[PDB]
Amino acid sequence: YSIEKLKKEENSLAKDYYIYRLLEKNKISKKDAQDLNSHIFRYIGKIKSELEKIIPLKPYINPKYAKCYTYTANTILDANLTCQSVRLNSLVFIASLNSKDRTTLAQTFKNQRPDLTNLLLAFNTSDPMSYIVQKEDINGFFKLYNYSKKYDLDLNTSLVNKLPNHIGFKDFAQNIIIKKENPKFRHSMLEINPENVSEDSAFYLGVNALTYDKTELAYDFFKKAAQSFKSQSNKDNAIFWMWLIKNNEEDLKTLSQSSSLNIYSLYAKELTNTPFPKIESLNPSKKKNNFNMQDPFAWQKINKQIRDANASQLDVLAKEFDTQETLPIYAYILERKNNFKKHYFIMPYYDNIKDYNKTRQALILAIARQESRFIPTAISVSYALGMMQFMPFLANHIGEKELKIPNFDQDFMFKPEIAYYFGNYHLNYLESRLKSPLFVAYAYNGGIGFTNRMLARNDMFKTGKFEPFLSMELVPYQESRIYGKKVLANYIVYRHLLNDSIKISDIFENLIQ
Ligand SMILES: CC(=O)N[C@H]1[C@H](OC[C@@H]2COCCO2)O[C@H](CO)[C@@H](N)[C@@H]1O
């Protein structure tokens, strides 16, 4: 794939990947790189920092306010009033000013921009946050939080109850609760009225409240989350907590009857002797079609059609891809087509794993389902590859140093046989150190580095009233917190389909040390 043929393909993540590959091997000339901003589906991350080593284009400042960026903290009083206010959007700039210039600018702006006045006068004190808090300036609170996480202070009921009306609130609460920072912020958020929050914010405040053993407020927070959540999975997560705290049996029933298949609905079914949910069985009789399941470009194309589709087209696509060769795609289409009400747990390219013990098959299949939905040429935003979504570094270490495959290329990860083989190899590594398939899942996504760090702490995956479920809410990376829960559900299911059932309650017992 020369830069030439790549330019003739539609903008996609596949195209990005391949451009990235030329870049990392230094095969893109400064010539080649000229018209290349335009050819890049997602100009973020390494492809951006890599292309900016060739062409450092680091504009851009708006033609109108160009004058404004010629002033510094020394000459800002020589700037017109528009320029003054523009530069005062940066708390760093404000911090850089001297105090008497802050006093002057503060008077200048008291009328029309008291937001600026409050921050200016705040930075004339030994504690800006404290000044902002006393004024109950909500916009300013968040600007200070984004400027420095290190400010921590008790907040009264009046003030905390106004914080959730700002966009910044959700991430602010998620961050400090999950990171266990800003103790005084956290303590103060116990007095947020549940009426004033919803959805994820309410859920996180439920978790907060548990950590201080305030189970009543936790319940009310979790209840409000249950009633407002958009996704059934999340709603189930919250009903679980409602139940675990108060043990109202109408809550567990509701959860056991959920259309969403997740660890909480699974657990609830097991606690109530409810039968395992229905799993669809896909066996297309037809053998193959044209489609090249090894062409990454074709996946990106067909993936776009599938997402920008309606009744008419979906049904043509479902029938087109109703073959054994294209089964992953068939399921992908069906999953969308029936609006996620049906549960699909295919086992494609089964030959490549049928000889492993059933417990290991389930783990592999569980990872692949979450990683890729078994799409062989799947590529992530970080350029992880194939069904098992290997990062290129790791794929090359295994392929070249460890397993010594002849003529190994990282694009070998697009082969089922290889994906499953390297996955098995890497899962052997992880399971041998971690034991629990939950822990393994955490480490497959976020690395064993952070997994071991988290397990070493004495407030994670130890014993306690609400364990291990609380620890699962406090996994410090969001992507990994979610990943673990989803893969664990898939694991239960696949062990079931493989005739190697386990009670999920036993998984939960062995999460405590
Ligand atoms: C193709 C893709 O982007 N997969 C990502 C996957 O996204 C979910 C996929 C998207 O494609 C359809 C199936 O689920 O999330 C994982 C983290 O949970 C990532 N490590 C995977 O790389």
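For ligands, and for the atoms within them, numbers begin at 1 and follow the listed sequence. The basis for the numbers below is simple: all heavy atoms, side chains too, and nothing from hydrogens, waters or symmetry mates. The first residue of the sequence shown is numbered 1, and numbering continues consecutively from there.
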(message) Distance to the ring centre below 6.0 angstrom and angle to the axis at most 45 degrees; does that hold for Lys149 and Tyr145?
(response) yes

(message) I'd like to check the salt bridge (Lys or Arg N to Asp or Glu O under 4.0 Å) partners of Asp35; sequence neighbours left out, ordered by chain and number.
(response) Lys7

(request) Please identify each residue that fulfils side-chain contact (heavy atoms from CB on, under 4.5 Å) with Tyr60, with sequence neighbours left out. (result) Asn62, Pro63

(request) Write out all pairs satisfying ring pair (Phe, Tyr, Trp, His ring centres under 6.0 Å) with one or both partners inside residues 337-360, taking only residues at least two apart or from two chains. (result) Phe345-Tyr494

(message) Quick one: does any side-chain atom of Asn303 pair with a main-chain N or O of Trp299 as donor and acceptor, under 3.5 Å?
(response) no

(message) For a quick check: using heavy atoms under 4.0 Å, what are the residues in contact with ligand 1, sorted by chain and number?
(response) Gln370, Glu371, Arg373, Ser380, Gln389, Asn445, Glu479, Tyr483

(request) Compute both the distance and the angle, then confirm whether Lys15 meets the cation-pi test with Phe41: under 6.0 Å from the six-membered ring centre, within 45 degrees of the axis. (result) no

